[PDB]
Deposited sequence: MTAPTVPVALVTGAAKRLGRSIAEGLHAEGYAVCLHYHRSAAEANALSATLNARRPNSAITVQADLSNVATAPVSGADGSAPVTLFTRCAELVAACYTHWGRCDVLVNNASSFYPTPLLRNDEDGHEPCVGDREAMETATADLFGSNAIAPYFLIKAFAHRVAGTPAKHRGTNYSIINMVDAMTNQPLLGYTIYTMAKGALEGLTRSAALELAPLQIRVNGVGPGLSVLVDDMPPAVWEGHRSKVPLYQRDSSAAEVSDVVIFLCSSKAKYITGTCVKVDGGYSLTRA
């Protein structure tokens, strides 16, 4: 029988690679997107042409704001993301919190949008998603649960060496790290594993020559393959961990 993965920010780049890698392992994939509707749908078309009934796409803004229909809260929109898996395939085995906004929030020379957007997508939405994922599992009768529940948070290998001017983003990745550890401890009784993967420089649009390994940013596969392994039954003893995929970049000093 066929497991289901929910992948946020799945339309392009690492999220796409993650969805493709999970698809190749036999997963049906729910492809979340925000603005990249055409890329999400083209992705879904490729994958459904490969195996019918193996991809859907769902839209949501994961910023921490109310949207239009009572206003719709982020919590609700997160619970509905997970509900789309259960509605279409009756299960949700893997969650990958990949979607992320990333832009400067300088301390030294509006703010309310940056805060909602950078914290929502990077931290608050992952928490609501993990909470909805777990409620669904706890509400499944023990005999009917899957046997390999796995949540991956995409964190950042370099946030201990902060990028100058990216405070809110760096704070939100730090919160997402605390989510990995607290969610791994609390959800262990349900056998839901929760882990982090931290890219260094991946698929850049010249820090890249500073990467000790190969002196380049990584490909998308070089990160997504790690995510796929941590979701595999071979990784069943791994929880509350964080795997850097950074080519040694976090080893460098100015």
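Missing from the model, relative to the deposited sequence, are the ranges 1-4, 74-80, 121-134, 231-239.
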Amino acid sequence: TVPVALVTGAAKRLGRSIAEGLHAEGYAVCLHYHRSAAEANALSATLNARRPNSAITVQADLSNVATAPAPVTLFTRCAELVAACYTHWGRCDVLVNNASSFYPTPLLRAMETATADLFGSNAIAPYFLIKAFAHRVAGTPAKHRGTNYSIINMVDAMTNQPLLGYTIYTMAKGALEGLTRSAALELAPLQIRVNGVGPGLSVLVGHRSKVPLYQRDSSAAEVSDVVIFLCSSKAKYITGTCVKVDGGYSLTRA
From here on, numbers count along this sequence of modelled residues.
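Per the PDB record, of the two stretches 190-198 and 41-49, 41-49 carries the greater mean B-factor over its C-alpha atoms. Checked against the record, the higher mean CA B factor of 137-145 and 179-187 lies with 137-145. For the set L213, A68, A60, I228, the maximum C-alpha B-factor listed in the entry falls on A68.
Annotation for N122: C-alpha temperature factor in the middle third relative to the rest of the modelled chain, per the entry. Remark: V2 belongs to the highest third of its chain, ranked by C-alpha B-factor as recorded. Annotation for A83: CA B-factor lies in the highest third of the chain's modelled residues.
The deposited CA B-factor of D246 belongs to the lowest third of values across its chain.
Ranked against the other modelled residues of its chain, the C-alpha B-factor of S232 as given in the entry falls in the middle third.
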